[PDB]
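Below is the file final_36.txt, which contains compact mmCIF, C-alpha atoms.
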```txt
# COMPACT_ATOMS: atom_id res chain seq x y z
CA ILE A 848 -11.11 -25.81 3.41
CA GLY A 849 -13.83 -28.50 3.54
CA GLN A 850 -14.71 -31.08 6.20
CA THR A 851 -11.01 -32.06 6.78
CA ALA A 852 -9.70 -28.47 6.98
CA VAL A 853 -6.30 -28.33 8.73
CA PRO A 854 -5.74 -26.14 11.87
CA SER A 855 -4.76 -22.73 10.63
CA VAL A 856 -3.16 -19.27 11.29
CA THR A 857 -3.52 -15.91 9.54
CA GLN A 858 -1.01 -13.59 7.86
CA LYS A 859 -1.98 -9.93 7.08
CA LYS A 860 0.21 -7.59 4.97
CA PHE A 861 0.01 -4.80 2.37
CA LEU A 862 1.75 -3.12 -0.56
CA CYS A 863 1.91 0.34 -2.00
CA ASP A 864 4.82 0.85 -4.31
CA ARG A 865 4.64 3.88 -6.67
CA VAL A 866 4.19 5.93 -3.43
CA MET A 867 6.89 7.32 -1.20
CA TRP A 868 5.90 7.87 2.45
CA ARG A 869 5.11 11.47 3.53
CA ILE A 870 5.03 13.32 6.88
CA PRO A 871 3.88 16.99 6.67
CA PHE A 872 5.56 19.37 9.11
CA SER A 873 2.11 20.90 9.85
CA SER A 874 0.34 21.45 13.21
CA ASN A 875 -2.36 19.04 12.05
CA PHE A 876 -1.26 16.89 9.08
CA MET A 877 -3.46 18.60 6.40
CA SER A 878 -2.36 20.66 3.43
CA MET A 879 -3.66 24.13 4.42
CA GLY A 880 -1.10 25.81 2.10
CA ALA A 881 2.40 25.19 0.66
CA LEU A 882 4.10 27.20 3.49
CA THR A 883 2.86 25.36 6.59
CA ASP A 884 2.00 26.88 9.99
CA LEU A 885 4.89 25.18 11.83
CA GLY A 886 7.21 26.37 9.03
CA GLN A 887 6.19 29.90 10.06
CA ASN A 888 6.49 29.22 13.85
CA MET A 889 10.16 28.26 13.18
CA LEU A 890 10.72 31.72 11.57
CA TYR A 891 9.50 33.62 14.68
CA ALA A 892 11.31 31.05 16.87
CA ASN A 893 14.64 32.71 15.69
CA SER A 894 16.68 29.71 17.06
CA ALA A 895 18.64 26.71 15.75
CA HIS A 896 17.47 23.15 16.34
CA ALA A 897 19.09 19.75 15.71
CA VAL B 56 -6.45 26.92 13.86
CA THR B 57 -4.64 24.28 15.97
CA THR B 58 -4.37 23.92 19.76
CA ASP B 59 -0.97 23.75 21.42
CA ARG B 60 -2.50 21.96 24.50
CA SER B 61 -1.85 18.22 25.00
CA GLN B 62 -4.77 16.41 23.33
CA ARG B 63 -5.41 13.20 21.27
CA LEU B 64 -6.40 13.07 17.60
CA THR B 65 -8.12 9.68 17.93
CA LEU B 66 -10.07 8.57 21.03
CA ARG B 67 -10.97 4.94 21.63
CA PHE B 68 -14.07 4.17 23.69
CA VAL B 69 -14.87 0.83 25.33
CA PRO B 70 -18.29 -0.76 26.00
CA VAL B 71 -19.38 0.42 29.46
CA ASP B 72 -21.92 -2.46 29.20
CA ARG B 73 -22.71 -5.28 26.72
CA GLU B 74 -25.46 -7.92 26.39
CA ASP B 75 -25.68 -11.18 24.37
CA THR B 76 -28.47 -13.40 23.00
CA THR B 77 -28.51 -16.56 20.78
CA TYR B 78 -28.58 -14.36 17.61
CA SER B 79 -27.48 -10.77 18.56
CA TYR B 80 -25.09 -8.50 20.53
CA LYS B 81 -25.69 -5.03 22.08
CA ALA B 82 -23.06 -2.63 23.47
CA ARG B 83 -23.37 0.76 25.28
CA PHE B 84 -20.78 3.47 25.08
CA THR B 85 -20.38 6.91 26.72
CA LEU B 86 -19.23 8.93 23.72
CA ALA B 87 -17.71 11.96 25.51
CA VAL B 88 -16.82 15.20 23.71
CA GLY B 89 -14.78 17.51 26.01
CA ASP B 90 -15.54 21.26 26.37
CA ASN B 91 -13.12 22.45 23.64
CA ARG B 92 -13.63 19.55 21.16
CA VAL B 93 -16.21 19.12 18.38
CA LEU B 94 -16.82 15.69 16.76
CA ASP B 95 -18.02 15.07 13.21
CA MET B 96 -19.87 11.74 13.53
CA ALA B 97 -18.74 10.64 10.03
CA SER B 98 -15.30 10.10 11.62
CA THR B 99 -16.72 7.54 14.15
CA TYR B 100 -16.84 3.70 13.60
CA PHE B 101 -17.32 0.40 15.46
CA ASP B 102 -14.01 -1.50 15.43
CA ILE B 103 -14.97 -5.17 15.90
CA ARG B 104 -12.75 -8.25 16.50
CA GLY B 105 -13.82 -11.92 16.55
CA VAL C 56 -11.48 20.92 62.97
CA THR C 57 -13.92 18.04 62.25
CA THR C 58 -17.40 18.03 60.68
CA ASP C 59 -20.50 16.94 62.69
CA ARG C 60 -22.28 15.92 59.43
CA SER C 61 -22.83 12.28 58.44
CA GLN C 62 -19.83 11.69 56.10
CA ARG C 63 -17.55 8.77 55.13
CA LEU C 64 -13.85 8.46 55.91
CA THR C 65 -13.12 6.08 53.00
CA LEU C 66 -14.84 6.09 49.56
CA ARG C 67 -14.51 3.10 47.24
CA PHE C 68 -15.18 3.63 43.53
CA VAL C 69 -15.83 0.70 41.17
CA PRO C 70 -14.81 1.23 37.51
CA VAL C 71 -17.36 3.02 35.30
CA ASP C 72 -15.45 1.39 32.40
CA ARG C 73 -12.77 -1.38 31.98
CA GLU C 74 -10.85 -3.23 29.26
CA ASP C 75 -9.21 -6.62 29.99
CA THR C 76 -6.85 -7.61 27.03
CA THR C 77 -3.99 -9.89 25.78
CA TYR C 78 -1.24 -8.16 27.84
CA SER C 79 -2.94 -5.26 29.72
CA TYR C 80 -5.92 -4.27 31.89
CA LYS C 81 -7.46 -0.74 31.76
CA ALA C 82 -9.99 0.93 34.12
CA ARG C 83 -11.77 4.35 34.51
CA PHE C 84 -13.09 5.81 37.78
CA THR C 85 -15.23 8.93 38.42
CA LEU C 86 -13.23 10.32 41.35
CA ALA C 87 -15.97 12.59 42.70
CA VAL C 88 -14.35 14.91 45.26
CA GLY C 89 -17.62 16.10 46.81
CA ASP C 90 -18.31 19.64 48.03
CA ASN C 91 -16.81 21.04 51.29
CA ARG C 92 -14.04 18.33 51.17
CA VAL C 93 -10.43 18.05 49.96
CA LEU C 94 -8.66 14.86 48.85
CA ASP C 95 -4.97 14.22 49.26
CA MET C 96 -3.98 11.95 46.35
CA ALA C 97 -1.51 10.18 48.72
CA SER C 98 -4.67 8.62 50.24
CA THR C 99 -5.54 7.05 46.89
CA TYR C 100 -4.64 3.54 45.62
CA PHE C 101 -5.98 0.75 43.35
CA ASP C 102 -7.26 -2.30 45.24
CA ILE C 103 -6.66 -5.11 42.72
CA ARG C 104 -8.06 -8.66 43.25
CA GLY C 105 -7.32 -11.59 40.92
CA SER D 304 13.47 -50.71 36.14
CA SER D 305 16.87 -52.53 36.34
CA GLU D 306 19.71 -53.44 38.68
CA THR D 307 21.89 -50.56 37.42
CA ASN D 308 18.97 -48.10 37.62
CA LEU D 309 18.92 -48.75 41.44
CA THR D 310 22.05 -46.53 41.22
CA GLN D 311 20.29 -43.44 39.91
CA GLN D 312 20.84 -40.45 42.24
CA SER D 313 18.95 -37.17 42.65
CA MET D 314 19.68 -33.56 43.50
CA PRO D 315 16.97 -31.16 44.74
CA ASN D 316 15.62 -28.57 42.26
CA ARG D 317 17.09 -25.06 42.46
CA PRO D 318 15.15 -22.57 44.64
CA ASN D 319 13.13 -20.08 42.64
CA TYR D 320 11.12 -17.61 44.67
CA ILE D 321 8.47 -15.79 42.61
CA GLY D 322 6.51 -12.74 43.76
CA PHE D 323 5.58 -9.17 42.99
CA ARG D 324 8.41 -6.63 42.66
CA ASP D 325 9.39 -4.13 45.34
CA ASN D 326 6.74 -1.34 45.66
CA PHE D 327 4.86 -3.15 42.83
CA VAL D 328 7.33 -1.64 40.27
CA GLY D 329 6.43 -2.78 36.73
CA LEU D 330 2.70 -3.38 37.50
CA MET D 331 1.46 0.06 36.28
CA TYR D 332 2.47 1.85 33.03
CA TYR D 333 4.47 5.04 33.52
CA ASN D 334 6.69 7.00 31.08
CA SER D 335 4.96 5.15 28.24
CA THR D 336 2.90 7.58 26.23
CA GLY D 337 0.98 4.94 24.16
CA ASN D 338 -0.60 3.69 27.39
CA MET D 339 -0.54 6.88 29.51
CA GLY D 340 -2.70 7.26 32.66
CA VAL D 341 -5.40 9.98 32.80
CA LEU D 342 -6.50 12.54 35.38
CA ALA D 343 -8.89 15.10 33.93
CA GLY D 344 -11.73 17.33 35.10
CA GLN D 345 -14.80 15.43 33.77
CA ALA D 346 -16.29 18.50 32.04
CA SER D 347 -12.92 19.70 30.65
CA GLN D 348 -11.91 16.13 29.60
CA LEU D 349 -8.23 17.10 28.88
CA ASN D 350 -5.59 14.92 30.51
CA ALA D 351 -3.46 16.64 33.18
CA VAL D 352 -0.80 13.83 33.23
CA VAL D 353 1.45 14.72 30.16
CA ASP D 354 4.12 12.05 30.76
CA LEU D 355 7.42 11.62 28.76
CA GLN D 356 9.56 8.73 27.41
CA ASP D 357 12.93 9.97 28.80
CA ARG D 358 11.49 10.07 32.40
CA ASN D 359 11.79 7.16 34.90
CA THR D 360 9.04 7.37 37.58
CA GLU D 361 9.80 3.93 39.02
CA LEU D 362 13.49 4.62 39.72
CA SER D 363 12.53 8.12 40.89
CA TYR D 364 10.12 6.58 43.40
CA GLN D 365 12.71 4.00 44.60
CA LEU D 366 15.20 6.81 45.30
CA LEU D 367 12.52 8.91 47.03
CA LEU D 368 11.66 6.19 49.60
CA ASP D 369 15.32 5.79 50.64
CA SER D 370 15.42 9.54 51.38
CA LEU D 371 12.04 9.50 53.21
CA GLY D 372 12.62 6.35 55.32
CA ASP D 373 14.45 3.14 56.20
CA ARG D 374 14.21 0.58 53.38
CA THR D 375 15.28 -2.25 55.76
CA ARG D 376 11.71 -2.23 57.24
CA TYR D 377 9.28 -4.33 55.17
CA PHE D 378 5.65 -3.17 54.67
CA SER D 379 3.15 -5.59 53.14
CA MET D 380 0.53 -3.05 52.02
CA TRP D 381 2.66 -1.45 49.29
CA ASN D 382 4.67 -4.70 48.84
CA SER D 383 7.72 -2.72 50.04
CA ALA D 384 10.71 -5.00 50.75
CA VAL D 385 13.94 -3.79 49.06
CA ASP D 386 16.09 -6.16 46.98
CA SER D 387 19.35 -7.31 48.62
CA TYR D 388 22.00 -10.05 48.76
CA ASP D 389 23.94 -11.68 51.59
CA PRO D 390 27.17 -9.54 51.75
CA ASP D 391 29.18 -12.69 52.67
CA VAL D 392 27.91 -14.22 49.34
CA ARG D 393 28.81 -11.17 47.18
CA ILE D 394 32.29 -10.91 48.75
CA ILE D 395 33.34 -14.49 49.71
CA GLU D 396 35.49 -13.57 52.80
CA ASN D 397 37.04 -17.07 53.23
CA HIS D 398 38.36 -17.39 56.83
CA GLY D 399 38.50 -21.24 56.44
CA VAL D 400 36.86 -23.40 59.18
CA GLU D 401 37.32 -24.12 62.91
CA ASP D 402 37.98 -27.92 62.64
CA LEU E 898 28.58 18.41 24.26
CA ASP E 899 30.79 15.43 23.47
CA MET E 900 31.36 12.65 26.02
CA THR E 901 33.40 9.44 25.89
CA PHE E 902 33.71 6.45 28.24
CA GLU E 903 36.27 3.66 28.49
CA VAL E 904 35.00 0.42 30.11
CA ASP E 905 35.84 -3.26 30.77
CA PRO E 906 34.59 -5.54 27.91
CA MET E 907 31.53 -7.70 28.82
CA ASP E 908 31.20 -10.50 26.18
CA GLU E 909 27.42 -9.64 26.03
CA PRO E 910 25.57 -6.50 24.82
CA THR E 911 25.12 -3.76 27.49
CA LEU E 912 23.74 -0.21 27.70
CA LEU E 913 25.37 2.90 29.10
CA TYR E 914 22.63 4.40 31.25
CA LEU E 915 23.24 8.14 31.31
CA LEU E 916 21.10 10.56 33.28
CA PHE E 917 21.39 14.25 32.39
CA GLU E 918 20.38 15.86 35.70
CA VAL E 919 17.93 18.76 35.15
CA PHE E 920 14.94 20.36 36.86
CA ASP E 921 11.64 18.55 36.08
CA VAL E 922 8.81 20.54 37.62
CA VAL E 923 4.99 20.94 37.49
CA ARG E 924 2.67 23.74 38.70
CA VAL E 925 -1.04 22.81 39.14
CA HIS E 926 -3.86 25.41 39.09
CA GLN E 927 -7.48 24.50 40.09
CA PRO E 928 -9.44 27.75 39.42
CA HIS E 929 -13.02 26.32 39.40
CA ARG E 930 -15.00 23.25 40.52
CA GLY E 931 -13.77 20.17 38.60
CA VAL E 932 -11.04 22.03 36.64
CA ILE E 933 -7.31 21.08 36.57
CA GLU E 934 -4.75 23.13 34.59
CA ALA E 935 -1.24 21.70 34.82
CA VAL E 936 1.92 23.32 33.45
CA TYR E 937 5.14 21.31 32.95
CA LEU E 938 8.70 22.63 32.47
CA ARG E 939 11.72 20.35 32.39
CA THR E 940 14.91 22.42 31.98
CA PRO E 941 17.39 22.07 30.34
CA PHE E 942 16.22 19.30 27.90
CA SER E 943 12.80 20.94 27.89
CA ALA E 944 10.41 18.51 26.19
CA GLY E 945 8.15 21.08 24.40
CA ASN E 946 9.20 23.50 21.50
CA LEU F 650 20.35 4.50 27.09
CA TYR F 651 23.25 4.13 24.63
CA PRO F 652 24.14 0.65 23.33
CA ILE F 653 27.59 -0.80 24.03
CA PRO F 654 28.14 -3.69 21.55
CA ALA F 655 29.42 -7.01 22.96
CA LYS F 656 33.18 -6.72 23.76
CA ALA F 657 33.30 -2.97 22.95
CA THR F 658 35.69 -1.14 25.37
CA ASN F 659 34.81 2.40 24.17
CA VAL F 660 31.51 4.31 23.98
CA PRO F 661 31.61 7.83 22.45
CA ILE F 662 28.37 9.86 22.57
CA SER F 663 27.38 13.44 21.81
CA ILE F 664 24.45 15.81 21.93
CA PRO F 665 24.27 18.64 19.38
CA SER F 666 24.35 22.36 20.28
CA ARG F 667 21.59 23.28 22.80
CA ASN F 668 21.14 25.46 25.92
CA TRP F 669 22.36 24.31 29.38
CA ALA F 670 20.69 26.88 31.65
CA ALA F 671 19.89 25.30 35.05
CA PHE F 672 21.77 22.03 34.20
CA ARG F 673 22.72 20.05 37.39
CA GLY F 674 25.31 17.45 36.29
CA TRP F 675 25.58 13.82 35.18
CA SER F 676 24.73 10.48 36.75
CA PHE F 677 25.66 7.26 34.93
CA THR F 678 25.80 3.45 35.29
CA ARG F 679 25.92 0.26 33.11
CA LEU F 680 23.08 -2.21 32.35
CA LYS F 681 22.73 -5.53 30.52
CA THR F 682 20.57 -5.46 27.40
CA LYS F 683 18.65 -8.61 28.38
CA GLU F 684 18.08 -7.07 31.87
CA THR F 685 16.38 -3.95 30.35
CA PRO F 686 12.80 -3.90 28.94
CA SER F 687 11.67 -1.42 26.24
CA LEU F 688 9.12 1.05 27.78
CA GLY F 689 8.10 2.53 24.39
CA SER F 690 5.64 -0.37 23.76
CA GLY F 691 2.65 -2.06 25.44
CA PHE F 692 4.58 -5.35 25.33
CA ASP F 693 8.24 -6.26 24.56
CA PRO F 694 8.46 -9.75 22.98
CA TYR F 695 12.29 -9.76 23.32
CA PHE F 696 12.18 -9.17 27.12
CA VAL F 697 12.92 -12.88 27.79
CA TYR F 698 14.03 -12.36 31.46
CA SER F 699 12.41 -11.93 34.92
CA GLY G 700 16.81 -2.31 -14.81
CA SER G 701 14.58 0.60 -13.65
CA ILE G 702 16.26 3.18 -11.37
CA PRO G 703 13.51 4.03 -8.85
CA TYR G 704 15.62 6.80 -7.26
CA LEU G 705 15.83 8.52 -10.63
CA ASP G 706 12.44 7.76 -12.27
CA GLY G 707 9.90 7.33 -9.44
CA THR G 708 9.28 3.59 -9.92
CA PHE G 709 9.43 2.82 -6.18
CA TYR G 710 8.52 -0.39 -4.34
CA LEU G 711 9.92 -1.78 -1.03
CA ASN G 712 7.91 0.75 1.13
CA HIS G 713 6.16 -2.12 2.94
CA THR G 714 9.59 -2.80 4.54
CA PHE G 715 9.29 0.22 6.93
CA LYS G 716 8.00 -0.58 10.49
CA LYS G 717 8.12 2.73 12.42
CA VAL G 718 9.64 6.21 12.48
CA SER G 719 10.52 8.26 15.56
CA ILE G 720 11.43 11.94 15.19
CA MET G 721 13.13 14.03 17.91
CA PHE G 722 14.36 17.64 17.73
CA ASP G 723 17.40 18.66 19.82
CA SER G 724 16.89 15.94 22.39
CA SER G 725 13.72 15.23 24.45
CA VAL G 726 11.48 17.13 21.97
CA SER G 727 9.64 14.18 20.37
CA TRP G 728 8.25 15.98 17.33
CA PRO G 729 5.00 14.32 16.24
CA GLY G 730 3.14 16.24 18.89
CA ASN G 731 1.48 16.43 22.30
CA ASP G 732 -0.30 13.09 23.06
CA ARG G 733 -1.54 13.19 19.40
CA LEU G 734 -1.26 9.70 17.91
CA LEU G 735 -2.40 6.41 19.50
CA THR G 736 1.38 5.88 20.10
CA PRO G 737 2.09 9.59 20.63
CA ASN G 738 5.81 9.88 19.74
CA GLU G 739 6.35 7.22 17.07
CA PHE G 740 4.82 6.88 13.64
CA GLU G 741 4.30 3.15 13.94
CA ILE G 742 3.61 2.22 10.29
CA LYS G 743 2.63 -1.42 10.95
CA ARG G 744 2.21 -3.83 13.90
CA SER G 745 3.38 -7.46 14.24
CA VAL G 746 1.48 -7.67 17.59
CA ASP G 747 -1.56 -5.49 18.32
CA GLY G 748 -3.47 -6.28 21.54
```

Whole structure given in structure tokens:
Amino acid sequence: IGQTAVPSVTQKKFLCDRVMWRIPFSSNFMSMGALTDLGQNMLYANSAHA
Amino acid sequence: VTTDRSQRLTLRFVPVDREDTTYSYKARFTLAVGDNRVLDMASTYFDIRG
Amino acid sequence: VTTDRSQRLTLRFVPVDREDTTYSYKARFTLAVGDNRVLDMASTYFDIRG
Amino acid sequence: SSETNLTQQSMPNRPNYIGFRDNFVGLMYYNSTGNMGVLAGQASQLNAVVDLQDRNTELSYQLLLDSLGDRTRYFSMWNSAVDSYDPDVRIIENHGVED
Amino acid sequence: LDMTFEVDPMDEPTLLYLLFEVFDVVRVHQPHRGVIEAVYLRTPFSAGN
Amino acid sequence: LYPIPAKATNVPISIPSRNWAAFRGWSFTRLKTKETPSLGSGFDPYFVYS
Amino acid sequence: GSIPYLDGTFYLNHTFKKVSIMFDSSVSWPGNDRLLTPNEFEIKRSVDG
């Protein structure tokens, strides 16, 4: 800062801590119901997946 | 509800042209909406770096 | 076998859009295959100068 | 500058040829879905490319050319000139010298 | 499928490059002016589900 | 690409239960890690080799 | 001290960088060309050209 300000570089970061990260298994990531559309595709898929 | 064809959620457009003056900047974009898309403009924004 | 009409052998398309960046270059072309023609994509290539 | 520094000695710098890769491999992005190429009907606007991460277009193209032609013939337009080595340098084959 | 390889030690990190040979095919339909429909099927290790 | 740690003489790998209809066989070879760039990113800052 | 596992008082989430998800093999889950990096949830970037 000021008229003698030293050459400088920027650090960007974040927090969010009471959260835990979520990924909906849903064909678009919205909540459209509790039993998602992909969760129903996997019923009529009748097959095992790893 | 959701398409099973290969398509992006977010599209990033680039200035097809830009002009500068001593006090302002002006950029032109071809915002394209494909035949089976619809775009709510409230989802659009100018991402600027400098 | 061959058309008597005035028509090019080679078409050159400049980018309609481009994006030079930190570690990549991007470009978009409107590859207009005109009427009463066919294009073999083996004919196509990007003529880079730099 | 000194009488002992007259006795410096030099060795030439190691050769280091730099150029574009064979067939321009590495110049374009392939099998990299964050940076995928696009070919779409301009009205339809949906990309026909649909590339994958566990695909290797560059190696697939290298193998294709060896089946289609003779890689020992260089061709400047596509920068085609296959990588090699001197076989007498890979396998030393030391018959001594005729002295 | 389980696989196992025995190899000479290298003293530096290396990668086993393993290619599962499959079919990897496309069919391209152009029904109208300026329209491309393309259908992909790799098999086995089909990449869509 | 499966990693082989420095000085490791054994590399066991598996794929879980799946179909094998139209399978053709296996091809395999060995690569150095420093002689292999990551293709999953725009740039690979650890690809310190040419 | 607190037991975040047991009582929901999490932190340390900023330490994730990316997630990649793949069914069977080859089926990258997230979807078909969806995300700006289609088959990884990249949470944060150290370099971002």

If the box runs along x, y and z of the file and leaves 5 Å on each side of segment 94-105 of chain B, what are its centre and edge lengths in Å, one decimal, as JSON?
```
{"center_x": -16.3, "center_y": 1.9, "center_z": 13.4, "size_x": 17.1, "size_y": 37.6, "size_z": 16.7}
```

So that I can check the surroundings of residue 89 of chain C, please list as a ChimeraX atom specification every protein, DNA and RNA residue that reaches within 12 Å of it, counting all atoms listed in the file and ignoring chain neighbours fewer than 6 positions away. /C:62-63,66 /E:930-931

How would the residues just chosen look if you wrote them out with C-alpha atoms as a PDB file, in the frame of the given file?
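Printed below is part18.pdb as written:
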```
ATOM      1  CA  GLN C  62     -19.830  11.690  56.100  1.00  0.00           C
ATOM      2  CA  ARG C  63     -17.550   8.770  55.130  1.00  0.00           C
ATOM      3  CA  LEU C  66     -14.840   6.090  49.560  1.00  0.00           C
TER       4      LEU C  66
ATOM      5  CA  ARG E 930     -15.000  23.250  40.520  1.00  0.00           C
ATOM      6  CA  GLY E 931     -13.770  20.170  38.600  1.00  0.00           C
TER       7      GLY E 931
END
```

Report the closest atom pair, with its distance in Å rounded to one decimal, for each residue of chain F that has an atom no farther than 12 Å from chain A; count all atoms listed in the file, sort by chain and then rising residue number, and write it as JSON lines.
```
{"residue": "F:664", "atom": "CA", "partner": "A:897", "partner_atom": "CA", "distance": 9.1}
{"residue": "F:665", "atom": "CA", "partner": "A:897", "partner_atom": "CA", "distance": 6.4}
{"residue": "F:666", "atom": "CA", "partner": "A:897", "partner_atom": "CA", "distance": 7.4}
{"residue": "F:667", "atom": "CA", "partner": "A:896", "partner_atom": "CA", "distance": 7.7}
{"residue": "F:668", "atom": "CA", "partner": "A:896", "partner_atom": "CA", "distance": 10.5}
```

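For chain C, the residues having at least one atom no farther than 12 Å from chain E, when counting all atoms listed in the file, are residues 85, 86, 87, 88, 89, 90, 91, 92 and 93 of chain C.
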
Non-local contacts of residue 660 of chain F (12 Å; all atoms listed in the file; under 4 positions in same chain excluded) as number ranges by chain: E: 899-906, 911-915; F: 650-656, 679

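Atom CA of residue 76 of chain C to atom CA of residue 698 of chain F spans 21.9 Å [interatomic distance, one decimal].
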
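Shortest separation to residue 65 of chain B among B:78, B:84, B:100, B:105 occurs at residue B:100, atoms counted being only C-alpha atoms.
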
Surrounding residues of segment 700-715 of chain G excluding itself and chain neighbours under 4 positions, 8 Å, all atoms listed in the file, as a PyMOL selection string: (chain A and resi 861-868) or (chain G and resi 742-743)

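Near residue 669 of chain F, within 12 Å and counting only C-alpha atoms, sit residues 898, 917, 918, 919, 920, 939, 940, 941, 942 and 943 of chain E; 664, 665, 673 and 674 of chain F, not including residues fewer than 4 positions from it in the same chain.
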
Counting all atoms listed in the file, collect the residues of chain F whose closest atom lies at most 7 Å from chain D, and write them out as a PDB file with C-alpha atoms, in the coordinates of the input.
```
ATOM      1  CA  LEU F 688       9.120   1.050  27.780  1.00  0.00           C
ATOM      2  CA  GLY F 689       8.100   2.530  24.390  1.00  0.00           C
ATOM      3  CA  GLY F 691       2.650  -2.060  25.440  1.00  0.00           C
TER       4      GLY F 691
END
```

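Take atom CA of residue 81 of chain C and atom CA of residue 68 of chain B: the distance between them is 11.5 Å.
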
Residue list for chain D near chain E as a count of residues only, 8 Å, all atoms listed in the file: 7
